[PDB]
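Peer 1: below you'll find the sequence and an experimental structure to go with it.
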There are 20 protein chains.
Amino acid sequence: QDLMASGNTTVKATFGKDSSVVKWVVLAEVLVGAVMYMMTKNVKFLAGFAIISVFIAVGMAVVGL
Amino acid sequence: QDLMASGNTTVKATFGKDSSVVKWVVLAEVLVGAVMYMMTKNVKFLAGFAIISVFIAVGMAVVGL
Amino acid sequence: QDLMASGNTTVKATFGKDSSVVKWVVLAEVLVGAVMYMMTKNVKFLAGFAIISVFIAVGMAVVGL
Amino acid sequence: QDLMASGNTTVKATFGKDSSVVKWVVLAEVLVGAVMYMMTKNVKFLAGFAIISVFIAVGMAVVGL
Amino acid sequence: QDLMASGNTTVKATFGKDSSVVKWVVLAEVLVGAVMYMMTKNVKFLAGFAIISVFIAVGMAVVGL
Amino acid sequence: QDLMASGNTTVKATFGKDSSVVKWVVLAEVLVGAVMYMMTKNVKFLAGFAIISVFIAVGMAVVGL
Amino acid sequence: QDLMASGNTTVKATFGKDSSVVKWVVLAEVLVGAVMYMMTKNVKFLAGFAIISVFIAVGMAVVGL
Amino acid sequence: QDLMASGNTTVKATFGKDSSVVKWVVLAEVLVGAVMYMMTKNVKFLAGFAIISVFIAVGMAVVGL
Amino acid sequence: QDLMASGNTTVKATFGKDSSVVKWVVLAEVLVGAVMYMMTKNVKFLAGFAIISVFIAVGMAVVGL
Amino acid sequence: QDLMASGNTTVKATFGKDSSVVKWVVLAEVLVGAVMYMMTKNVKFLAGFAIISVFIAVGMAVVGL
Amino acid sequence: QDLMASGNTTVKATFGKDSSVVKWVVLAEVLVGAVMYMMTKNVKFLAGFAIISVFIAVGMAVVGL
Amino acid sequence: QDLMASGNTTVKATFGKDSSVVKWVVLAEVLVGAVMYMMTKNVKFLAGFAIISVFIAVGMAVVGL
Amino acid sequence: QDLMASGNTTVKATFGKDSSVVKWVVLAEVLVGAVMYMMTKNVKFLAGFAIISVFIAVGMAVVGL
Amino acid sequence: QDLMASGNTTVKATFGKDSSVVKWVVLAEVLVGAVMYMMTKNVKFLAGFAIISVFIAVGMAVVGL
Amino acid sequence: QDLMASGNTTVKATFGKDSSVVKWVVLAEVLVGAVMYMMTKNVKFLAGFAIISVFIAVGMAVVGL
Amino acid sequence: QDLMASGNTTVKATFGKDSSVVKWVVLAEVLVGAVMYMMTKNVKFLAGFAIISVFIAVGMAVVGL
Amino acid sequence: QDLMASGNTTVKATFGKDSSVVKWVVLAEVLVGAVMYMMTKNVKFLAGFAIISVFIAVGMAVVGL
Amino acid sequence: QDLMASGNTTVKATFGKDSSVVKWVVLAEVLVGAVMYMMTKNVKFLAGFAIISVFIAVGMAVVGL
Amino acid sequence: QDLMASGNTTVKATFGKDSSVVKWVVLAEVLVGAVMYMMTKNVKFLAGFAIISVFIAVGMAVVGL
Amino acid sequence: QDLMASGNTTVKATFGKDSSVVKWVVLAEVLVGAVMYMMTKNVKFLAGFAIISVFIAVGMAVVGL
């Protein structure tokens, strides 16, 4: 017998490296930086905009099925 | 099956590179600079007015769906 | 569907290039210069009176919706 | 007589070091970090992404049948 | 024989993507944000107002019968 | 059959865009700003006074039944 | 049916544009300025004395029921 | 019903244009000027002695209940 | 036949808009505010003193038999 | 029948506008101000000393049975 | 019945206008001034030494049972 | 009953007008003056050496138990 | 017949205003304050040391049989 | 009958004014001051070293059996 | 019975006036002064080096078992 | 039993009067003087170069284990 | 007859002051401190390492059979 | 009988003074310092790097079986 | 048995003295210095660029497995 | 297994010695010098223009992957 936990894993395709879910955060990332940059006017919050992106890239690349 | 996280993403069009949400901050940006410039009279707070703008541009351009 | 962040943006008209909010700072600008010019008697604080004005102009002109 | 608790242990192969079940968490791991990193923008939540991975590795390696 | 769990599913129409039940939360959403925004005056609670809406949209769209 | 969740929705009229409930927060909004402005004397807390208002406007306008 | 959130709104008359509650802050306003002006001797804290007043005026005028 | 925030407002009479509280600052005003005038020997700190006085006068006169 | 759940509803008069039970909380309200205000010295806890009062008013007014 | 929640309300006289319980807080009020004033040496904590007093006055006056 | 919150109020005599507890702060007052005066050498911290004293006097005099 | 806050007040004798604690500051006073006089060579820092001394004297004399 | 719940009430004498049981807490009170004062070094935990004592006094005095 | 809560109260002698338990905190007191003084280098944490000591003294003296 | 909190108090000898633990801070003391003196170059941080030492001395001498 | 805080105190040898750690600061000392001397060209910053050195010497000599 | 609850009490020797079970916690103690010290980098978690040890010592010494 | 809690204590060898588990933290230690040093640029976080190391050394040395 | 915490420690190779993770900070180090140097234009932030580097070197060299 | 922290490091190419990010600061460098040179007219701010450049060069050259 094979493993029955499988089937679909469209879940991947749902969460896939390019999917709906993934992109959203980046917008939030872009938003929240612009958000928090307003009050502080510190150049801080513009980071994961780079980082998160490449983070998720290798992050997803680690497994991503 | 496709990914079911999708549908609309009018959310994009709601947050889209030219949308309501985006522009607001810029005003705040323009405001808060004029705000904080008053007390300090330092030429500092006039930056992201350029930066944030082009920031969000490429920032949105990074993904923006 | 359209973006639901919209509606009014009388907020613009509230913050609009000629609106209530905008003008106030300029007075403060004019005031605070006269303010700080008193103690220093340095010709410094008479600037953004020009600058801020034209600043906000193009500043608002950048987007201002 | 042998032990009758045995048979299959495809359960292993179902939970096996590389199986369906295992990978899912990592995605969640990658997700939730990106999740919680948004609100805090603290570099914290990017850890078990390394840790959990190698954790489960030796963790599974401890027994994993 | 067919499935006898069926019949009506006016329940859908009762919970349907546009129904009574659905809308209520959004008001609460709009309310509670205005609620909690008062004490904190943090721009936080104005989110699901967007999110929940589009959330339920695709959320309902996932199945919604 | 129709949906039985309905009936009244005077609740709307109770929470309606112009109703009792709505206005209260604005006062609180006006109050709490004057409140917190006292201790800080920062021009911050005078915002949602604009924002919340127009916020609820489109916010209610999003659905508001 | 009408909205049952109503009744009294003497609360208004309690918070009304001229009421007890309103005036208090102004005194505090006048006080705290004189307060903080002592230590700094900066002409700063004499502002909302004008501002807050007219602020609350239009502020209350925005809704104030 | 009337507003129940009222009653006493002896608080006024406690803070009243001529009351205990009011006068104190003026002494401090007179003191701190003499204080800070010593170290600087600049004729500066003798101002609000006039200003604060008339300030509070119209200041209290603005509302003062 | 009429409903036999009735009779007395002195319970109302026992809980009535002006009764024993009602008033107690207000004292507690007044107390607990003074209570918690001591430790924090935050102006917070002086609210429901207004709110609860008018709250119960319309609250009782909603039905109160 | 009358309401049986009544009887005594010596509780009032126990909590009465002049009673034991009431006064205590004021001492604490006077204490804690002197307390917290020590560390900060900010003139802040001397307030409710006035406020709380008159607060409880009208506060008790609101109902106080 | 009388109020049972009473009895002793030696607590007063424990906190009384001349008691143990009261005096301590004044020493701290005298100390902390000498403390903080050292680092700043600003004539500031010698105040409540007068103020606190007379403060507590009338402060206690307000009620002090 | 008497006040139980009492007992010892060797604390006085520990902080007493002539005690250990008192004298220390004076040395610091003498030191820090010599300290800060070095860099400035301004005759300033030789003051509380007189002042603090007599300050603490009457200061302690105010109460000092 | 009399009430048979009685007899002994040495329980009182066991819990009596001066008994074993009573005193223990005070020690704990004294201990736990010294306990929690260590970590915080906040002057807080030295209170019920007064309060609890007089609390139990009138507290016991309320009935204490 | 006597109270049976008694017996030993070596517990006192275990917690007694001079016992093991008592002294420990003082060391911690001495330690934690030296601890927290390091990071701040504020002269603050050297207090209860006096205070706690005499505190516990009268504190224990209050009852201490 | 004796007190059972005792035994060892090698803890003393572990924390004893000359022990491991004690000395460490002094090094830190010496270090942190040299640390913070670098950035400020203020002669400040060379104090507890004397003070802490003699502080702990009498400090330990106060009890130190 | 002996004190178990001991063992190694190679920490000393790690921080020892001649160790790695010690010397570093001196370089920084030499550096920062040359650093800050550049901008001011004041002969000031050449001091602890002597002082710190001999400072740490006796400083370490005070205890240094 | 003797007590039959006895026999073995190798349980002691199993839990004995030096046994397997005892030591484990100390490692955990040492571990968890190093654990929690990482995230906070507060010097806190290095305590029971001393305390627990001597704690269990006298703790076991209290009875330990 | 001997104690049956024993056997293996490879757990030691698993946690042993030189084992896998031990070293990890040190890396984290080295990491987190470099981590937190970035944002603050305070020389603080480089400590337990020494301390934790020698800490665990004697710490493990205390028992470590 | 051997210790089962082992296996991989590719984690080392993942965090190894030359690995991905290590280098990143240095860039940040180089960045943040250039970052913070801009606003201050103080020559400060160019340090750990040397320090952190050699820091991590010996730091990793301390254990690094 | 290899280290999974890797992948991309386009991050380098994103931050690479010649990349977008790098150049920006230099402009700011050139700007801010011209900025701050205006007010002071001191020849100071024209430095890192050289320095930062070559700084980042070797700085990046130190590692830069």
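Peer 2: Cool, the structure landed. Numbers count the residues shown, from 1 in each chain, chains lettered A, B, ... in the order given.
Peer 1: and residue A:44, how close does it get to residue B:33?
Peer 2: Distance, residue A:44 to residue B:33, using C-beta to C-beta, to the nearest Å: 17 Å. No exception for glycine: its C-beta is placed from N, CA and C like everyone else's.
Peer 1: can you check residue A:5 too?
Peer 2: Residue A:5 is 55 Å from residue B:33, by C-beta to C-beta.
Peer 1: for residue A:12, same thing?
Peer 2: 45 Å.
Peer 1: comparing residue A:5 and residue B:33, which residue is more hemmed in?
Peer 2: residue B:33 (23 against 15; other C-beta atoms under 10 Å in any protein chain shown).
Peer 1: helix, strand or coil for the more buried one?
Peer 2: helix (DSSP: H, G, I helix; E, B strand; the rest coil).
Peer 1: the closest residue to it other than its chain neighbours: helix or strand, and which one exactly?
Peer 2: Excluding the flanking residues, the one nearest residue B:33 by C-beta to C-beta, 6 or more residues apart in numbering or on different chains is residue B:45, at 3.7 Å. Remark: residue B:45 resides in no helix or strand, with elements defined by DSSP states H and E.
Peer 1: for the spatially most central residue of chain A, what are its contacts?
Peer 2: Centroid-nearest residue in chain A: residue A:22, 4.4 Å away (criterion: C-alpha atoms, centre = their mean). Going by C-beta atoms under 8 Å, 6 or more residues apart in numbering or on different chains, residue A:22 touches A:15-16, A:56, A:60.
Peer 1: 10 Å instead, please
Peer 2: Neighbouring residues of residue A:22 by C-beta atoms under 10 Å, 6 or more residues apart in numbering or on different chains: A:14-16, A:53, A:56-57, A:60, B:5, B:63, D:30-31, D:34.
Peer 1: out of those residues, list just those in helices.
Peer 2: A:14-15, A:53, A:56-57, A:60, D:30-31, D:34 (DSSP state H).
Peer 1: out of those, the closest to residue S:49 would be?
Peer 2: Nearest to residue S:49, judged by C-beta to C-beta, of these is residue A:53 at 25.9 Å.
Peer 1: for that closest one, give its distance to residue S:7.
Peer 2: Relative to residue S:7, and taking C-beta to C-beta, residue A:53 is found at 32 Å.
Peer 1: comparing those two, which residue is more hemmed in?
Peer 2: More crowded of residue A:53 and residue S:7, by other C-beta under 10 Å: residue A:53, with 20 against 16.
Peer 1: my read: the more buried one touches residue B:61, true?
Peer 2: No - contact between residue A:53 and residue B:61 fails when scored by C-beta atoms under 10 Å: they sit 12.0 Å apart.
Peer 1: and stretch A:16-27, how far out from the chain's middle?
Peer 2: 5 Å (C-alpha atoms, centre = their mean, to the nearest Å).
Peer 1: and it, what's buried?
Peer 2: Under the neighbour-count criterion of 16 or more other C-beta atoms under 10 Å in any protein chain shown, stretch A:16-27 has A:16, A:19-27 buried.
Peer 1: for the spatially closest residue to residue A:31 that is not a sequence neighbour, grab the count of nearby residues.
Peer 2: Distances taken as C-beta to C-beta, 6+ apart place residue B:15 nearest to residue A:31, at 7.2 Å, with adjacent residues excluded. Using other C-beta under 10 Å, residue B:15 has 23 other residues around it.
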